[PDB]
Amino acid sequence: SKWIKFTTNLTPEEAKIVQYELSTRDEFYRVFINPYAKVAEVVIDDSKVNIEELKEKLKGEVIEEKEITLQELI
């Protein structure tokens, strides 16, 4: 899996991420994002590498911080 953070803000922004990683089609897989909760923690199964993901979430970038793309925490 991956546990990456994001922007905790706009319901229709935790929505925009779906389109950015939508290009990631045959590799982008299990997605769970919360465009409701301003949480911005994404545990996603996606097997590209994610360096492109890193790019797209790097467009919000305001407070998206660290690429500790680990499981979850514990």
# chains A, B, ... in the order shown; residues from 1 in each chain; ligands from 1
>>> select_by_dssp(residues="chain A", states="strand (DSSP E or B)", output="PyMOL selection string")
chain A and resi 3-5+28+41-43+46
>>> residues_around(residues="stretch 6-20 of chain A", least_positions_apart="4", cutoff="9 Å", atoms="only C-alpha atoms", output="PyMOL selection string")
chain A and resi 24+31+33-42+53+56-58+60-65
